[PDB]
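K.L.:
So the protein sequences, as listed, match chains T and V. Numbering-wise, the first sequence is residues 59 to 116 according to the authors' numbering. Numbering-wise, the second sequence is residues 5 to 70 according to the authors' numbering. One structure follows; several queries about it will come next.
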Amino acid sequence: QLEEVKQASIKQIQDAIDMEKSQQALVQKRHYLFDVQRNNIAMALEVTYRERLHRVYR
Amino acid sequence: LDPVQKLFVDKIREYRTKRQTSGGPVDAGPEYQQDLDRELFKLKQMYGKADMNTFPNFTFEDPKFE
């Protein structure tokens, strides 16, 4: 009697927990990525201006 | 520039005898001119080459993005 009830409880809260945790991640990671993606761009640009002043002046 | 007055009279006036003429500064000296022309071009070759009486303005660029 006792077994099947406890098996369903375990599986039930599991699919809950995992689904909300999976959800929380996809937002945050991607907000993540957006940080970086702009960054990786914009970085090289300033620099190129920067070094270019070097290069041409020399 | 330096000293002894009888010898230097021979030379110090001869510093400026050269300078005391300036179209061929009592001698520019054809040899001086020839090797000058050699070294001045050769110097130019030994240099960077982007004309030295011109301003190298800027350039622009666009970096790798995916």
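Just so you know, even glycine gets a beta-carbon here, dropped at the ideal spot from N, CA and C.
Which residues bound the alpha helix (DSSP H) around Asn61 (chain V)?
P.N.:
Mapped onto the second sequence, residue 61 (chain V) falls at position 57. Counting along the chain, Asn61 (chain V) falls outside any alpha helix (DSSP H), and DSSP gives it neither H nor E.
K.L.:
What residue does the alpha helix (DSSP H) around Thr25 (chain V) start on, and which one ends it?
P.N.:
The residue given as residue 25 (chain V) occupies position 21 in the second sequence. No alpha helix (DSSP H) contains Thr25 (chain V), which DSSP labels as neither H nor E.
K.L.:
Closer than 8 angstroms is the cut-off here; do at least three beta carbon pairs connect the region 82-93 of chain T with the region 22-40 of chain V?
P.N.:
No, they do not touch.
K.L.:
So with Cβ pairs under 9 angstroms, would you call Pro34 (chain V) a contact of chain T?
P.N.:
Translated into the one-based positions of the second sequence, residue 34 (chain V) becomes position 30. With 9 angstroms as the cut-off, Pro34 (chain V) does not count as an interface residue toward chain T.
K.L.:
Quick one: Cα of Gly27 (chain V) to Cα of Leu44 (chain V), how far?
P.N.:
As a working mapping, residue 27 (chain V) is identified with position 23 in the second sequence. As a working mapping, residue 44 (chain V) is identified with position 40 in the second sequence. Cα to Cα, the separation comes out at about 19 angstroms.
K.L.:
At what residues does the alpha helix (DSSP H) containing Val114 (chain T) begin and finish?
P.N.:
Taking the first sequence and counting its residues from 1, one reaches residue 114 (chain T) at position 56. Segment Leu60 to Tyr115, the alpha helix (DSSP H) holding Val114 (chain T).
K.L.:
Any idea what DSSP makes of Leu44 (chain V), helix, strand or coil?
P.N.:
For this step, residue 44 (chain V) is matched to residue 40 along the second sequence. Correct three-state label for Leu44 (chain V): helix.
K.L.:
With DSSP run on the structure shown, which of helix, strand or coil describes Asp39 (chain V)?
P.N.:
Here residue 39 (chain V) refers to the residue found at position 35 of the second sequence. Residue state, collapsed to three classes: helix.
K.L.:
Can you tell which of T:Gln95, T:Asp76, T:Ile75 and T:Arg108 has the C-alpha that lies nearest to the C-alpha of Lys68 (chain V)?
P.N.:
Residue 68 (chain V) sits at position 64 when you count from the first residue of the second sequence. Looking at the Cα atoms, T:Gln95 is the closest of the given residues.
K.L.:
Suppose you measure from the CA of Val114 (chain T) to the CA of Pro60 (chain V); what does that come to, to the nearest Å?
P.N.:
Against the first sequence, residue 114 (chain T) aligns to sequence position 56. Against the second sequence, residue 60 (chain V) aligns to sequence position 56. Looking at the two C-alpha atoms, the distance is approximately 6 angstroms.
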